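Visitor: let me start by giving you these chains from the complex, positioned as in the assembled structure:
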Amino acid sequence: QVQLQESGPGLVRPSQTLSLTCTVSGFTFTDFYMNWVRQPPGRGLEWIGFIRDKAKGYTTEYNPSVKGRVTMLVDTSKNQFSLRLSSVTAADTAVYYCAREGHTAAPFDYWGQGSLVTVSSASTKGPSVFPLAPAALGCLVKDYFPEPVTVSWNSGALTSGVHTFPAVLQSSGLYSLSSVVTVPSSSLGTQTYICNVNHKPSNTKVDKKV
């Protein structure tokens, strides 16, 4: 139907400023309040605030919490919905969501996906995928940072049988998960099984063949 995909820097140096974009498609701000939502690691959502339609002028009303730092706004010509936080600290870490307050259904009927914004005085790191040979198959997406890393096999086809695990932070101080997907006993001829480890924070792409 409708689409709300987020976007933005994945890791951010303290002191610097958080920046995200809700790219919308399937409706208009002219008949809908666009607000955001944040959720730190394993916690509960926290409403940052929203912005109002065309009638009300595109005015904004922040939650008493961040107010003073936040600054939403919208470019109806590029169908976005930018959010900017100044003074990001390890606290403002979560998955920043852009829900679209609707009609009665409100508040929040259409949420984006997710965009993890980690605050760390650290830096990036390209992940390494190691073809894990076998019945079961998997891939080792080893040593990278910041999170999250997303992997999907055969750019579709293979579902029901996949078990992409969480992540663990290695002493290296690096993350390392390993996606695995058991397949039928006989059905591994001279066949394919691409491995699509995606990872935005870095700007890295790898499609290992297990």
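Guide: It's in. Numbers count the residues shown, from 1 in each chain, chains lettered A, B, ... in the order given.
Visitor: helices of chain A, start to end?
Guide: Applying DSSP state H to chain A gives no helices.
Visitor: quick one, domains of it?
Guide: Using curated CATH domains, the domain parsing of chain A gives A:1-121, A:122-210.
Visitor: export the ones you listed to TSV and tack on mean neighbour count?
Guide: C-beta here means a position set from N, CA and C on the backbone, and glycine is covered the same way. Below are the domains of chain A laid out as TSV (neighbours: other CB atoms under 10 Å):
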stretch	mean neighbour count
domain A:1-121	16
domain A:122-210	15
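Visitor: what comes into contact with stretch A:95-103?
Guide: Residues outside stretch A:95-103 that contact it (CB atoms under 8 Å, 6 or more residues apart in numbering): A:2, A:4, A:6, A:8, A:18, A:20, A:22, A:24, A:27, A:32-39, A:45, A:50, A:81, A:83, A:107-112, A:114-117.
Visitor: how far away is the residue sitting nearest the centre point of chain A from residue A:22?
Guide: Per CA atoms, centre = their mean, the C-alpha nearest to the average position across chain A is that of residue A:115, at 2.6 Å. Going from residue A:115 to residue A:22 by CB to CB, to the nearest Å gives 9 Å.
Visitor: contacts for stretch A:42-55, please.
Guide: Counting by CB under 8 Å, 6+ apart, A:29-39, A:58-63, A:65-67, A:70, A:72-74, A:81, A:83, A:94, A:97, A:101 sit against stretch A:42-55.
Visitor: first-to-last residue distance for stretch A:101-116?
Guide: 21 Å (CA to CA, to the nearest Å).
Visitor: now it, how far from the chain's geometric center?
Guide: Centre-to-centre, stretch A:101-116 and its host chain are 15 Å apart (CA atoms, centre = their mean, to the nearest Å).
Visitor: now swap in stretch A:182-189 and tell me
Guide: Worked out by CA atoms, centre = their mean, stretch A:182-189 lies 32 Å from the chain centre.
Visitor: ends of it, what's the gap?
Guide: 15 Å.
Visitor: now stretch A:17-26
Guide: Stretch A:17-26 stretches 29 Å from its first residue to its last (CA to CA).
Visitor: what does that stretch contact?
Guide: Residues contacting stretch A:17-26 (CB under 8 Å, 6+ apart): A:1-9, A:12, A:34, A:36, A:79-88, A:92, A:96, A:98, A:100, A:112, A:115, A:117.
Visitor: one more pass at 6 Å, please.
Guide: Outside stretch A:17-26, the residues that touch it by CB atoms under 6 Å, 6 or more residues apart in numbering are A:2-8, A:12, A:79-86, A:88, A:96, A:98, A:112, A:117.
Visitor: then stretch A:121-138?
Guide: For stretch A:121-138, the external contacting residues (CB under 6 Å, 6+ apart) are A:14, A:139-145, A:149, A:178, A:180-183, A:185, A:197, A:199, A:201-202, A:204, A:206, A:208, A:210.
Visitor: what about it, distance to the chain center?
Guide: The mean C-alpha position of stretch A:121-138 is separated from the chain mean by 19 Å, CA atoms, centre = their mean.
Visitor: before we move on, what about stretch A:46-64?
Guide: Distance, centroid of stretch A:46-64 to centroid of chain: 23 Å (CA atoms, centre = their mean).
Visitor: end to end on that stretch, go ahead and measure it.
Guide: Stretch A:46-64: ends 11 Å apart by CA to CA.
Visitor: chain B should join the structure above:
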Amino acid sequence: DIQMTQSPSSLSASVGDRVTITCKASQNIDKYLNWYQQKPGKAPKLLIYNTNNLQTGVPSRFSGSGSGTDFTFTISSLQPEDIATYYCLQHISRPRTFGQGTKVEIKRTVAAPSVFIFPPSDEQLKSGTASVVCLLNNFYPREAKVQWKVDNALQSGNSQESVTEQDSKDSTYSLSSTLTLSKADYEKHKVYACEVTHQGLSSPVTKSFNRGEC
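Guide: Just below you will find chain B, in place on the chains above:
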């Protein structure tokens, strides 16, 4: 702010059982209290809007009750596809607020574990580094202890748990168990097994290997 607190926090009902979550409200709410279901890893979804209104798409075994301050969310009968964490929230005043959250793990019957010890990746072992992964798959409860063994020995401090969220087809956890003994030692040895005891499958079990090469 108008503190909103759900209850219970992390419960454990069963399939066919009615799960009933309730969330009081510091102040008054009226009909302004929705509900969301947040499946594992995703984003919130709207399950009920304005005290007792149902969404389009959302099942019928879901439903809201009353309004005022005492609120309650109920599930006719629970299905393995309802292993989410449900949230309540209100929109009368502002800022908006949500409950601390209620997880809801599904209880089933023991599904004794499956292991698939995967020897190292020829090339990872070109880093002076090398990790031997261990995997069980689809079991229950979550209580599973993996015992790593080298040439019938060990040195520990290499293991490392990571298990998944309850499946919504089966309701079975699965956890990998990477042994990252790094290079120069994968060689210095030759049998690195991966024994594994669990609550439902008596007398321990393992998938191992005396390596099988150089």
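Visitor: the contacts of stretch A:95-103 again please, chain B included this time.
Guide: A:4, A:6, A:20, A:22, A:32-39, A:81, A:107-112, A:114-117, B:43 (CB atoms under 6 Å, 6 or more residues apart in numbering or on different chains).
Visitor: let's see that with 7 Å instead.
Guide: Under the contact criterion CB atoms under 7 Å, 6 or more residues apart in numbering or on different chains, stretch A:95-103 has outside partners A:4, A:6, A:20, A:22, A:27, A:32-39, A:50, A:81, A:83, A:107-112, A:114-117, B:43.
Visitor: contact partners for the residue nearest to the centre of chain A?
Guide: Residue A:115 touches A:6-8, A:20, A:95-96, counting by CB under 7 Å, 6+ apart.
Visitor: how about the nearest residue to it, chain neighbours excluded?
Guide: Closest residue in space to residue A:115, ignoring its immediate chain neighbours: residue A:6 at 3.8 Å, by CB to CB, 6 or more residues apart in numbering or on different chains.
Visitor: up against chain A, what does chain B have?
Guide: Neighbours of chain A within chain B, by CB under 7 Å from any CB of the partner chain: B:43-44, B:46, B:49, B:55, B:87, B:91, B:94-96, B:98, B:100-101, B:116, B:118, B:121, B:123-124, B:131, B:133, B:135, B:137, B:160, B:162, B:164, B:174, B:176, B:178.
Visitor: pull out the buried members of those.
Guide: B:43-44, B:46, B:49, B:55, B:87, B:91, B:94-96, B:98, B:101, B:116, B:118, B:121, B:124, B:131, B:133, B:135, B:137, B:160, B:162, B:164, B:174, B:176, B:178 (16 or more other CB atoms under 10 Å in any protein chain shown).
Visitor: out of those, name the ones that lie in helices.
Guide: Counting by DSSP H, no part of these is found in helices.
Visitor: who's the nearest residue to residue A:127 once chain neighbours are set aside bridged to?
Guide: Once flanking residues are discounted, residue A:127 sits nearest to residue A:144: 3.5 Å by CB to CB, 6+ apart. Beta-bridge partners of residue A:144, counted by DSSP bridges, are residue A:175.
Visitor: tell me if I'm right that residue A:144 and residue A:174 touch.
Guide: Yes: the criterion here is CB atoms under 7 Å, and residue A:144 meets it with residue A:174 at 6.3 Å.
Visitor: now for whatever residue of chain A ends up closest to chain B: which residues touch it?
Guide: Closest residue of chain A to chain B, CB to the nearest CB: residue A:63 (3.5 Å). When contacts are counted by CB under 7 Å, 6+ apart, residue A:63 touches A:47-49, B:95.
Visitor: give me that answer again for 10 Å
Guide: Counting by CB atoms under 10 Å, 6 or more residues apart in numbering or on different chains, residue A:63 makes contact with A:35-36, A:38, A:46-50, A:70, B:1, B:94-97.
Visitor: also residue A:176?
Guide: By CB under 10 Å, 6+ apart, the contact list for residue A:176 reads A:127-128, A:140-145, A:149, A:165, A:167-170, B:131, B:160, B:162, B:178, B:180.
Visitor: please report how far the residue in chain A sticking out farthest from the centre lies from residue A:163.
Guide: Distance from the C-alpha centroid of chain A peaks at residue A:186, with 36.4 Å (CA atoms, centre = their mean). For residue A:186, the distance to residue A:163 (CB to CB) stands at 21 Å.
Visitor: hey, what's residue 11 bridged with?
Guide: I went with chain A, as the question did not name one. Taking DSSP bridges as the rule, residue A:11 bridges to residue A:118.
Visitor: nope, chain B please
Guide: Going by DSSP bridges, residue B:11 forms beta bridges with residue B:104.
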